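Working notes, beginning with the structure itself.
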Amino acid sequence: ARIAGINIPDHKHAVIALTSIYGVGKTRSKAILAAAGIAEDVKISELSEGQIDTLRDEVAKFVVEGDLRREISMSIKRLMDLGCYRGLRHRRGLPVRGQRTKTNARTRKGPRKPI
Amino acid sequence: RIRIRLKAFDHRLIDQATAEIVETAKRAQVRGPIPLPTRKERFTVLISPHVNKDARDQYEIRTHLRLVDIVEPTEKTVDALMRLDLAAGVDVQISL
Amino acid sequence: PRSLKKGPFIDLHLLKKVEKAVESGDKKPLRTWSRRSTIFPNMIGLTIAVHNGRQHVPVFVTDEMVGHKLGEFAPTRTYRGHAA
Amino acid sequence: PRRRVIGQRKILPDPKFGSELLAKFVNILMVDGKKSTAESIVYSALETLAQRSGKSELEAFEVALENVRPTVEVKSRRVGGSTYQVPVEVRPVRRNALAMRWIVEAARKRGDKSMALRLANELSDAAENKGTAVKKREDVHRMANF
Amino acid sequence: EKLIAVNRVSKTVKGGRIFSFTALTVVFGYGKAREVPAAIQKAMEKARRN
Amino acid sequence: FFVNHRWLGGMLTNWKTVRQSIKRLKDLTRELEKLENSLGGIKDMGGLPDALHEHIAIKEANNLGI
Amino acid sequence: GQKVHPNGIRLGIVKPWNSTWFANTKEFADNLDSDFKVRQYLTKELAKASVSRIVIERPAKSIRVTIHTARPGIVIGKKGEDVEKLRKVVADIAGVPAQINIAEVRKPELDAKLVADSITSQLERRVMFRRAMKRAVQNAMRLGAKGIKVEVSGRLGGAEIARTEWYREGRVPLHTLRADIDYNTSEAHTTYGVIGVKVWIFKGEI
Amino acid sequence: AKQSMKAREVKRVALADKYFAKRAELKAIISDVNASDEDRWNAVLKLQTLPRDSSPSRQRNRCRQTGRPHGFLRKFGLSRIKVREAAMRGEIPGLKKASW
Amino acid sequence: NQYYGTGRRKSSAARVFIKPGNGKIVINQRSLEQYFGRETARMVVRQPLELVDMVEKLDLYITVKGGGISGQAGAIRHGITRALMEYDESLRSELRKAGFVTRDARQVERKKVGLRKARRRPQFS
RNA sequence: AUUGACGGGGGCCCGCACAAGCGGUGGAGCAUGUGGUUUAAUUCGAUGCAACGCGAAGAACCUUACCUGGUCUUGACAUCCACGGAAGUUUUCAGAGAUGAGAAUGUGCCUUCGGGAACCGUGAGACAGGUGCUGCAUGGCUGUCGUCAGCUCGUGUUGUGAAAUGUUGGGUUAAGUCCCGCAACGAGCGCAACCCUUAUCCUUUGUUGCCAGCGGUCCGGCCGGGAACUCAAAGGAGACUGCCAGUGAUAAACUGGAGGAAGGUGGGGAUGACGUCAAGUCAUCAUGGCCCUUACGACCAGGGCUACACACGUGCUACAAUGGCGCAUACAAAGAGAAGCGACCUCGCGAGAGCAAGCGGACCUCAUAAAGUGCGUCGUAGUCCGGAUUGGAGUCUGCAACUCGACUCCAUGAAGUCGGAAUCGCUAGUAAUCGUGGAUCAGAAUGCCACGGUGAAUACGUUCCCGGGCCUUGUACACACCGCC
Ligand SMILES: CN(C)[C@@H]1C(O)=C(C(N)=O)C(=O)[C@@]2(O)C(O)=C3C(=O)c4c(O)cccc4[C@@](C)(O)[C@H]3C[C@@H]12
Ligand SMILES: [K+]
Ligand SMILES: [K+]
Ligand SMILES: [K+]
Ligand SMILES: [K+]
Ligand SMILES: [K+]
Ligand SMILES: [K+]
Ligand SMILES: [K+]
Ligand SMILES: [K+]
Ligand SMILES: [K+]
Ligand SMILES: [K+]
Ligand SMILES: [K+]
Ligand SMILES: [K+]
Ligand SMILES: [Mg+2]
Ligand SMILES: [Mg+2]
Ligand SMILES: [Mg+2]
Ligand SMILES: [Mg+2]
Ligand SMILES: [Mg+2]
Ligand SMILES: [Mg+2]
Ligand SMILES: [Mg+2]
Ligand SMILES: [Mg+2]
Ligand SMILES: [Mg+2]
Ligand SMILES: [Mg+2]
Ligand SMILES: [Mg+2]
Ligand SMILES: [Mg+2]
Ligand SMILES: [Mg+2]
Ligand SMILES: [Mg+2]
Ligand SMILES: [Mg+2]
Ligand SMILES: [Mg+2]
Ligand SMILES: [Mg+2]
Ligand SMILES: [Mg+2]
Ligand SMILES: [Mg+2]
Ligand SMILES: [Mg+2]
Ligand SMILES: [Mg+2]
Ligand SMILES: [Mg+2]
Ligand SMILES: [Mg+2]
Ligand SMILES: [Mg+2]
Ligand SMILES: [Mg+2]
Ligand SMILES: [Mg+2]
Ligand SMILES: [Mg+2]
Ligand SMILES: [Mg+2]
Ligand SMILES: [Mg+2]
Ligand SMILES: [Mg+2]
Ligand SMILES: [Mg+2]
């Protein structure tokens, strides 16, 4: 129910419910449940309080939630402080991985800004 | 046992070439000629020097292919088949 | 990025300049066109003036720059906004 | 067309029941050449329309079509510049065609979870004069004014 | 034989203008052709009979 | 010699061309009947003949003096 | 509109190839380039000898070149003097033992390349374009062409505005694939620039 | 293409042939699983010092008649334009207009 | 004996051997139900025997290669129809009337230059 | 008055032109081209239809034409002349490299021991060089109206003549297609046919392809065999409105029927008349003229062609349940391969790696077809939909992936809930949807070219919109209604 300081959904299958945690996708979710010894298709509601304890211990093996957000923030801050090309792309709010900016780039630029 | 593979760009040419071989060798029982699959190699080119991307020519080279197998071959056969002279534009390939 | 099995790439001309600069003592900027060279630990504390197509940009090398290419610190395009 | 020499293509009867009417219906439901998918929807829908009627699957299909089939519709004609909306009689093939199209279009924008259920519910509603398909027939009749 | 004048005449077509030549010859003959040489020949031919 | 169906405009004033249809009939079933119902009575005439609704035929005859 | 090349469209129907050798991809490009250099050399050397066509064959590790010529005597030369020079250069270009054979073009007035070359030679000597064209047509029809078309394009008579002129006599049915259409081209390099000549000669069906 | 551009290609083909065995030798060491890290590193630094034009990837296929750097076909060694010209004159054996 | 027929449809070709029996059908060493999942495919295969009323009077040994599920079903139908006509030539008129004797010659139309498909043109602005 | 063109003049026709339909574009994210702006440079060209995933069938370096800086001057690429050197090859230093300077080793081949040339300098100066300009000086090649049914000529005849007739007319056709009439009679270029491919059959040959009946089995065409069948590919046969009925002018032809695998051009392709737009291309090439020549030529490194307030075009992927995910399991075609395709096995979560067969191929390899079907699960949520973006870690190609590669793994999980006015494609194995291959290519496709699988809806009609054909009529139009005034 409460894992990694967030409320996981009780109605969903365990494999899907754990992906509510920031830093846990499908692969890690399946690995957590393999390690904890819990079947993927069991609802969180159906698990015992001992089984939720085992999941907390398995989730504690990964950097998730606030620790992970801190790591990602610091990695971008490092680049922006380095003054490397990627750093400058982060500062300007443009694509960082070589994409065209003549068109598109709307995910990074946001909505069009009328001239 | 002598496998003779013939290739040519012209089917009239290759059929003549195989007919020369089988005649020479049937004077040895041969097998064939076996008409193996023709390779059609195709090319599409733009025909304008500039632009006009939808203006193209499509060209083909057909490689015709025959196989003849010579069995219980004699000293005369290996000789008669080499004092033989096939037309140019027919590629010949022996395997023993 | 370059396969780990092949190691990091550095141009030999730059490697030899850096080695001589390090052993000589604290230098004037090392002028280079080798934007593609990896920054190694022995470059820390050197200024490397890296070509950007038209001028050699001074890059004072720090520990955080190690593993990056020199060209990352010398932008090649000039942009200051449209409608200025 | 201008030369107007258009004959019709041999529709195979549907495999289960042996109706060309129902084969046409499967074709109208079908998307992207996926006939096998469309057939399973139609037969699933018909099975439900049987157990909620107490009749043959095709009898209940007929009842639904009866209430959706238009008899008259409008056709635009350019006379004087201002284009009139002119009622004409619908011939019996087009009556079946429009009815099936309307039932499928009605069922596609229904809110039930599967298409088979959406379609069964549309045919049930059609067979007692309720849903959007019969409203389309009624709307067409209202327009059908020359 | 006596050619008198050569006129260039024109008819308009979809494409543009088809220019052609007329030749007046007594020996009378009035020739028409695409070329001057052909027109004069046709004229001279007609001037014999006429 | 006789022309007993349609007189072809130019039979004798354009004799040189109608002669080529004479040669054509002579060499050679429908192209036959179309020529034997027309040029079948001038096939051995060989040239401008001696003497002959038919305003056309009379007009051609006057041009040549036939 | 643009028209298909009359020779190209009839290859294998009623027209033979000018190169008849087999090669796999390995040697194909190299053989085309050697053939190109052989034809380039022979066209240069035998410009005065009325060469219509150069057929190349490659039997085994060898080249056999047939030169179709209206003036065979001077190609061959003086008990085979000039032909022996050519062979040695052809063997050098090709890099294999060469054999030069000589085929006589009888009726050069019915050979599209020689007619086109004849016209372009006259245009370079400042002969009036219409007279060259008409003579070509008349000559071909005299010696029994079932038809001929000649086209000349460029700054005709040194005119500032370039134009195309053409003459035809007889039949030239270009859409008929079994029609024996001999087609070829030539360029006259004049003092006012290039004049292109095209000649089509029809010699009957099949 | 300009005469200089055709000359650049001749130089590239020549250098590639000259250094082919040496380049393969150095790249074999750099690719060797079981080579010394000294040996690989030396080989990496050595491969750099050879002329850049000794790398085969520097060669651009050009039409053998015109030098055109686009529209090349490897079968013929010619650009699309010169392929067509030769094809229609019957100079490319076997090649004809295709329909199916 | 065996009575034989070749059937073809799209890129499928079927070899069909028929003998007096009682309704065995084998296609590529598998039962009709195993080989074809779809009812339309199974219907298509059985159509000729249902028409002539010999569903449980004949054993069919079939092989088929090329094309897809519908191609192959159609190829088999054509093959069975031909084998039946070799068995009993009086059946032609009935099989002809049903439309089974015709080799359906509809094939995939080639892609063409300047088109996305055989007929689909690029969008015009 | 004549020939055109044009008319919101008339008559008759045609084409996915409209209508009837089915799926799109226009909204979103991304790919890609263009404009614009920016820049040292963002190289040049393509511009309504007929430019804008176009030249480019593939810009990291190279390519490359552009920019910055470093350099060369008979020269990177030729010939001629003279002199001195065999050429090569190993290597060191300086330099970003171009290049400069050294070391070291070769000394042949032809050779009337007269020699010369294979190849290197270096020094002249005739020249070389130019992707410099003019596509409105050109050739060649191409687009376009349009695969539309037209466009013409000879001779005759008519008219003072420009011109007309033929070519119009009555029918009929996909068609100036054919018949009939007719001052025309004929002919040419177009139409059609001849060519390729696809649908049926026969003959021949039978491996590397085939397995019906045998015999045998390791149950695998696996083996002996067989030559039947599939198939391969050479040669034939077959469709002609030929047969029958009705209609029609005793015509052409049309409507329907038989037989037939196929029926009325069976389906698809190739094939583009005279001409039009001074249409496109001097940057494929060639070429008149002009222009530059210690530079507008040539070599090098690095940068740029990938920029980004923005606008437009073409695409891809979606928005889900006719679906997503998991497991299981069917059925293709076409093609490529030696500086190549690369199995098996082992290692790696994976991209891949190591080892290493086979195959210049009906044999080997690429090589899993996917949609489908069965079973299970999700339960209408911005979700178990979507997969943008970004962090971290890798792989491979390649001297080298910073600018600027593709791919993999973990994590992230945006917009988007079917798109306003408007607008596009398609008439059947089509559309729609699903995979597969190839060229270019070291590497780099959502593009292009090609291949099969599944497989629709609808067409009453020709009033309307767009393009076009034929006849006729008015015109003050001829730069031809985008006209004249
Ligand atoms: C820009 N645009 C595409 C123009 C156009 O629409 C044309 C057309 N026929 O439609 C051209 O002829 C047009 O494309 C074109 O080609 C033009 C020209 O050729 C020239 C030349 O060569 C020299 C001087 C003037 C012209 C010009 C004014 O006529 C050019 C106009 C061009
Ligand atoms: K998560
Ligand atoms: K970019
Ligand atoms: K031009
Ligand atoms: K006339
Ligand atoms: K020029
Ligand atoms: K795209
Ligand atoms: K779009
Ligand atoms: K999701
Ligand atoms: K890169
Ligand atoms: K849309
Ligand atoms: K590649
Ligand atoms: K009019
Ligand atoms: Mg990119
Ligand atoms: Mg990375
Ligand atoms: Mg040049
Ligand atoms: Mg390359
Ligand atoms: Mg398809
Ligand atoms: Mg396109
Ligand atoms: Mg519509
Ligand atoms: Mg959009
Ligand atoms: Mg230019
Ligand atoms: Mg541009
Ligand atoms: Mg231009
Ligand atoms: Mg314009
Ligand atoms: Mg570059
Ligand atoms: Mg150095
Ligand atoms: Mg022009
Ligand atoms: Mg006309
Ligand atoms: Mg005609
Ligand atoms: Mg008439
Ligand atoms: Mg019939
Ligand atoms: Mg035709
Ligand atoms: Mg212009
Ligand atoms: Mg460079
Ligand atoms: Mg670009
Ligand atoms: Mg998902
Ligand atoms: Mg490939
Ligand atoms: Mg192959
Ligand atoms: Mg993931
Ligand atoms: Mg939202
Ligand atoms: Mg159509
Ligand atoms: Mg696809
Ligand atoms: Mg007409």
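Naming convention: chains lettered A, B, ... in sequence-line order (proteins, then strands); numbering from 1 in each chain. Atoms considered below: every heavy atom in the structure, side chains included; atoms not considered: hydrogens, waters and symmetry mates.
With its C1'-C2'-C3'-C4' torsion above zero, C49(J) shows a north sugar pucker. A negative value of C1'-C2'-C3'-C4' puts the sugar of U462(J) in the south, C2'-endo-like family. In this entry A336(J) carries a north-puckered sugar, per its positive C1'-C2'-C3'-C4' angle. The furanose ring of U294(J) falls on the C3'-endo (north) side of the pseudorotation cycle, as its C1'-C2'-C3'-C4' torsion is above zero. With respect to the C1'-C2'-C3'-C4' torsion, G263(J) shows a south sugar, the value lying on the negative side.
Distances shown here put every side-chain N or O of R112(A) at or beyond 4.0 Å from the OP1 or OP2 atom of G27(J). Residue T27(A) has a polar side-chain atom (N or O) positioned under 4.0 Å from OP1 or OP2 of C410(J). Between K35(D) and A456(J), a side-chain N or O to OP1/OP2 separation shorter than 4.0 Å is present. An OP1 or OP2 oxygen of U403(J) is reached within less than 4.0 angstrom by no side-chain nitrogen or oxygen of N52(C). Dashed line: the shortest gap from a side-chain N or O of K14(E) to OP1 or OP2 of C148(J) is not under 4.0 Å. Using a 4.0 Å cut-off, some side-chain N or O of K6(C) falls inside it from OP1 or OP2 of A400(J). At least one side-chain nitrogen or oxygen of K113(D) sits closer than 4.0 Å to the OP1 or OP2 atom of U380(J). Dashed line: the shortest gap from a side-chain N or O of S55(H) to OP1 or OP2 of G398(J) is not under 4.0 Å. Dashed line: the shortest gap from a side-chain N or O of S21(F) to OP1 or OP2 of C185(J) is not under 4.0 Å. Regarding contacts with the backbone of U433(J), every side-chain N or O of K117(I) stays at 4.0 angstrom or more from both OP1 and OP2. The shortest distance between the side-chain N/O atoms of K42(E) and the OP1/OP2 oxygens of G154(J) is below 4.0 Å. Residue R31(C) places none of its side-chain N or O atoms closer than 4.0 Å to OP1 or OP2 of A301(J). Residue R110(I) places at least one side-chain N or O under 4.0 Å from the OP1 or OP2 atom of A450(J). Distances shown here put a side-chain N or O of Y61(I) below 4.0 Å from the OP1 or OP2 atom of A212(J).
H50(B) places its NE2 atom 12 Å from the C1' atom of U47(J), with the value rounded to the nearest Å. In this entry the distance linking NZ of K111(I) with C1' of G447(J) reads 11 Å, nearest Å. Between the CD1 atom of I47(B) and the P atom of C141(J) there is a distance of 11 Å, given to the nearest Å. Atom CZ of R3(D) and atom P of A19(J) are 21 Å apart (whole Å). Across the protein-nucleic acid pair, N104(A) atom CG and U314(J) atom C1' stand 13 Å apart, rounded to whole Å. In this structure, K65(I) atom NZ and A232(J) atom P are separated by 9 Å, rounded to whole Å. The distance from atom CD of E205(G) to atom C1' of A193(J) is 11 Å, rounded to the nearest whole Å. The separation between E72(C) atom CD and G302(J) atom P is 17 Å, rounded to whole Å.
A donor-acceptor contact under 3.5 angstrom links the side-chain atoms of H82(C) to the base of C308(J). One cannot find a donor-acceptor pair under 3.5 Å joining the base of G4(J) and the side-chain atoms of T12(E). Between the side chain of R8(H) and the base of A76(J), no donor-acceptor pair under 3.5 Å is found. For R84(H) and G140(J), a side-chain-to-base donor-acceptor distance below 3.5 Å is absent, hydrogens and geometry of angles not being considered. Side-chain to base pairing of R36(C) with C402(J): no donor and acceptor N or O lie closer than 3.5 Å to each other. For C61(J), its base sits under 3.5 Å from the side chain of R58(H) at one donor and acceptor pair at least.
Expressed to the nearest 0.5 Å, how far CZ of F20(H) lies from NZ of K18(H) amounts to 15.0 Å. To the nearest 0.5 Å, atoms CZ (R38(I)) and OG (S70(I)) are separated by 6.5 Å. Between atom CZ of residue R56(B) and atom CD1 of residue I47(B) there is a gap of 10.0 Å, rounded to the nearest 0.5 Å.
A Watson-Crick or G-U wobble pair links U475(J) with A5(J), both defining distances under 3.5 Å. The bases of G419(J) and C44(J) do not line up as a Watson-Crick or G-U pair with both contact lengths under 3.5 Å. Between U42(J) and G166(J) there is no Watson-Crick or G-U wobble pairing whose two distances both come in under 3.5 Å. Nucleotides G288(J) and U134(J) meet the pairing criterion: a Watson-Crick or G-U wobble pair with both donor-acceptor distances under 3.5 Å. Base pair annotation for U177(J) with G36(J): unpaired, by the Watson-Crick or G-U wobble rule (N1-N3 plus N6-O4 or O6-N4, or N1-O2 plus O6-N3, under 3.5 Å). Pairing status of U436(J) against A450(J): a Watson-Crick or G-U wobble pair, both distances under 3.5 Å. With both hydrogen-bonding distances under 3.5 Å required, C12(J) and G289(J) do not qualify as a Watson-Crick or G-U wobble pair. For the criterion of Watson-Crick or G-U wobble pairing, both bonds shorter than 3.5 Å, the nucleotides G358(J) and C341(J) count as partners. Taking 3.5 Å as the upper bound for both contacts, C407(J) pairs with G394(J) in Watson-Crick or G-U wobble fashion.
Legend: stacked base step between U380(J) and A381(J); six-membered ring centres less than 5.5 Å apart, planes less than 30° apart. Base stacking between strand neighbours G146(J) and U147(J) is absent under the criterion of six-membered ring centres closer than 5.5 Å and ring planes inclined by less than 30 degrees. Consecutive residues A227(J) and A228(J) do not stack, lacking base ring centres under 5.5 Å apart with planes under 30°. For the strand neighbours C254(J) and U255(J), base stacking is present under the 5.5 Å centre-distance and 30-degree plane-angle rule. Under the 5.5 Å centre and 30° plane thresholds, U207(J) does not stack on its strand neighbour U208(J).
Groove engagement by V51(B): a side-chain heavy atom is found under 5.0 Å from a minor-groove base atom, with no such approach on the major-groove side. For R100(A), base contacts fall in the major groove; the minor groove has no atom under 5.0 Å of its side chain.
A57(J) makes up no base pair with any nucleotide shown, lacking Watson-Crick or G-U wobble contacts both under 3.5 Å. The pairing partner recorded for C72(J) is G297(J), the criterion being a Watson-Crick or G-U wobble arrangement whose two distances lie under 3.5 angstrom. For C153(J), the paired nucleotide is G186(J), the pair qualifying as Watson-Crick or G-U wobble because both relevant distances are below 3.5 Å. In a base pair of the Watson-Crick type (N1 to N3 plus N6-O4 or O6-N4) or a G-U wobble (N1-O2 and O6-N3), with each distance short of 3.5 Å, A371(J) is matched with no nucleotide.
An aromatic stacking contact links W33(C) with the base of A96(J), defined here by ring centres under 5.5 Å apart and ring planes under 30° from parallel.
Formation of a donor-acceptor pair under 3.5 Å by the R68(H) side chain with backbone atoms of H70(H) is found in this model.
Sequence order on RNA chain J of the closest nucleotides to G10(F) and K32(E) puts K32(E) first from the 5' end. The residue among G81(C) and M11(F) whose nearest nucleotide of RNA chain J lies closer to the 5′ end is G81(C).
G246(J) adopts an anti glycosidic conformation, its chi angle falling more than 90° from 0. Glycosidic conformation at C240(J) (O4'-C1'-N9-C4 for purines, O4'-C1'-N1-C2 for pyrimidines): syn, within 90° of 0.
For the pair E72(C) and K69(C), the salt-bridge criterion is not met [side-chain N within less than 4.0 Å of a carboxylate O].
No donor-acceptor contact under 3.5 angstrom links the side chains of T63(I) and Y61(I), judged on distance only.
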